[PDB]
Structure formats: structure tokens, C-alpha cells
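Below you'll find only one chain, the form deposited without its partner chain, shown as C-alpha cells.
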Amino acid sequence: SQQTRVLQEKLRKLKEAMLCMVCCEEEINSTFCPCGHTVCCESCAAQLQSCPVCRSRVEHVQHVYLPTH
């Protein structure tokens, strides 16, 4: 039905929100500290000296184990 299409779009958007904002390919699993923005995979987070959301300096990267993983 049309509701099947609506639900498919909601699921796609929720799944896309869990993917890295830089490479768009791998799941988010890393936090920039101390700002707390958790928007990258471990490979993109390792290559950024500044947070891509707020531009704060990245002091270090914390790996996150999320139940959605």
C-alpha cells in the first residue's frame, strides 16, 4: 500500500542516520571527545583533527558499543 512506501522511507532514513556522515558507508561507532559528537566510523574519525559538526579540537576518539550495532 502507500503506507508500505511511507514506512520504507522512515526505515531508510533511520538507517542512514546511523551511517558515518563523512564516508556514508560504515556504521557510526566513534565519539569525538570532549565535544561528544558521535557522527563517524572509526576510519574517518581517525583522520579528523577537528569535529566535523562543531569544529572543536578532537582531544581523542572514544569507541562506542551501541545496542543498534
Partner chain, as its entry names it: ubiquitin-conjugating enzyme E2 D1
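Numbering follows the first chain given and starts at 1.
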{"query": "Average Cα temperature factor in the PDB entry - higher stretch of 5-13, 56-64", "finding": "5-13"}
{"query": "Of 42-50 and 16-24, the stretch whose C-alpha atoms average the higher B-factor in the entry", "finding": "16-24"}
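Not on display, but discussed next: the form solved in complex with its partner chain.
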item: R57: touches its partner chain in the entry with it bound, heavy atom cutoff 4.5 angstroms; value: no
